[PDB]
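The chain below stands alone and is given as structure tokens, in the form deposited without S-adenosylmethionine (SAM).
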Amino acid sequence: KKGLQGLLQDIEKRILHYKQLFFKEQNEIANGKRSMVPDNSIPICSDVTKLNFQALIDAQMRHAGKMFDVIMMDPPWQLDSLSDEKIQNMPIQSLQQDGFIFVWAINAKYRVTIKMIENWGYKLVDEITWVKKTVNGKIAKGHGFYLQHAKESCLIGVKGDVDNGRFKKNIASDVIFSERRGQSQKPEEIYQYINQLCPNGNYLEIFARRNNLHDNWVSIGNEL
């Protein structure tokens, strides 16, 4: 009918409008415009199972004269996701001498995470918990088996001779009380706390996300 022709006309105007918007965006991109990613970020697009860590060690030793200090992690557990064998066989004990590790375990993967970081060579010394929040100011309660889950846990190991002028003591807090944003996006307060712990250091981030690229962090991820 003529109504289908009118729908064709409407989709023609919509195509022209969105074509103009696309041309505007691609003309602005090929000009002076920067994204939300900082200029000092180091993103690496590689799967950890296939990534050659020796090249990373050589580059870090060449261009910094030392090694990493924080190896913050957030592994995709099986419960794309990968098995715990690959996470345990990763070369973390070769990526650090004197530093910390942040693992961001879940409730179903708590004891195995503790065993993993004790097998890498670290000693469990601290724990950081993220208590979720609502817009009104209450706790965003969820669900679970025995109790309603409204928390997220980060397990912290230590290694080597940490006590120097590099790392600082008695800083920040274990509890991050902040709203849940994104799909699975940890708050920026953990990055602020890390920068309070080791100011002007070298950091590594495994299983990193485009939403959490930072101006002092080497970040490895697959969608990065």
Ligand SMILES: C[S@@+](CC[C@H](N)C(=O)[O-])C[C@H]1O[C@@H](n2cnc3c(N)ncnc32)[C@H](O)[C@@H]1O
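Position 1 is the first residue in the sequence shown; the rest follow in order.
What comes next is about the form deposited with S-adenosylmethionine (SAM) bound, which does not appear here.
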property	result
Triplet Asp69, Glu189 and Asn216 all within 4.5 Å of S-adenosylmethionine (SAM) in the entry with it bound via a heavy atom	no
Among the candidates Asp174, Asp58, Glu179, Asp47, the residue which, in the entry with it bound, approaches S-adenosylmethionine (SAM) to within 4.5 Å (heavy atoms)	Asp47
Residue (of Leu147, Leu82, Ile114, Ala108) lying close to S-adenosylmethionine (SAM) in the entry with it bound, criterion heavy atoms within 4.5 Å	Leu82
Segment assignment from 70-78, 94-102, 136-144, 117-125: heavy atom within 4.5 Å of S-adenosylmethionine (SAM) in the entry with it bound	70-78
Proximity of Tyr203 to S-adenosylmethionine (SAM) in the entry with it bound, heavy atoms at 4.5 Å	no
Partner contact for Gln196 in the entry with it bound: S-adenosylmethionine (SAM), 4.5 angstroms, heavy atom	no
Residues in 164-189 with any heavy atom within 4.5 Å of S-adenosylmethionine (SAM) in the entry with it bound	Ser184, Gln185, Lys186
